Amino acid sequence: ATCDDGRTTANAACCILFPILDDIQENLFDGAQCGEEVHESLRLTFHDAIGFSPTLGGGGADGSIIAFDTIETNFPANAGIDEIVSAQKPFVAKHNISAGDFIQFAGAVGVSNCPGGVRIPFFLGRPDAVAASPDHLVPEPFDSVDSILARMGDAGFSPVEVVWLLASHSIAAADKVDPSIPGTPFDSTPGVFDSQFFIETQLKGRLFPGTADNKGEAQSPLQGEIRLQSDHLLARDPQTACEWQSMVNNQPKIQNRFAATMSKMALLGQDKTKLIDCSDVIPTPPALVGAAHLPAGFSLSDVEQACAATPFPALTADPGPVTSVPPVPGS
């Protein structure tokens, strides 16, 4: 169907999304950039939807994190999330869709601004949240692999699916893990949806980018990069090691799987059959920029070979001296 402004879309309901598309590209994402706001909004899809336990409750991908923002933004594991919630609230006021829909929508638009990213399938028509999330449902960076895999499993994700979702950390930084160094990314390309994250998390640590005494932080391989202890454990754990390494220099797998599993996540606590497919509204992502590599100065013997089925792929290292990682511009 052709919308009131010439732009087209399979279903006519989806038309209402075009004004919101523009609003958030202009006013949320610094004109369509893969930066802080995009990263936080992606993070927000998870903190919303992960609020889903058959044991403890929660409506999952329901926009509760905004609807019930006084409760949820005050959970420990939600530290820092208040910023992007209070930035999105006004958009939700302004426009005529539920908070649940918006979070997923914004996150989908956001990812699509990242080189090498993908169009996460998006559905329209989530009812309002009817309850806040229980606490203790968001995985923390200092939790054990078992603890985390059980939590994700309680929510409906197999171990391999957790790896796929954690592709998100290829375009991500931390503000609260070490508050002395806000904006410190998880891989050396926070602005590119690539394999660098799965690569760089497998290296032997060298140093600590800020202070060393941080809960939930592992030793980093690179100056200007933070390593979550969780990612460090997951990248080496028997259940996940080989899946983690399978992602290395494997952009099609990162792309297809991330998209597919994100779609599952976005539809937690929701019935796909009572929603409306609006996936063609999401902009077309840019192609991958740069190619897989070990950081400059590094080699294959920096790699901790956790996977037993397969060797680490014979990557080459960037030319030159060990360089450091520039932060995410923001704050």
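From 1 onward, residues are counted along the sequence shown.
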Exercise. Which has the higher mean CA temperature factor in the PDB entry, 302 to 310 or 48 to 56?
Worked result: 302 to 310
For this session: Using the B-factors recorded in the PDB entry, average over the C-alpha atoms of 91 to 99 and of 199 to 207, then report which stretch comes out higher.
Result: 91 to 99
For this session: Name the residue from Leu268, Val289, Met262, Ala32 with the greatest C-alpha temperature factor listed in the entry.
Result: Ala32
Exercise. Among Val130, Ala235, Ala212, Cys114, which carries the highest Cα B-factor?
Worked result: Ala212
Seminar exercise, completed: Chain thirds by Cα B factor, record data; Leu42 belongs to the lowest
Exercise. How does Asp135 rank on Cα B-factor within its chain, lowest, middle or highest third?
Worked result: middle
Exercise. Lowest, middle or highest third: where is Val177 by Cα B-factor in its chain?
Worked result: highest
Problem set entry | Among modelled residues of the same chain, the CA temperature factor third for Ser170 | lowest
Exercise. Comparing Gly110 with the other modelled residues of its chain, is its CA B-factor in the lowest, middle or highest third?
Worked result: lowest
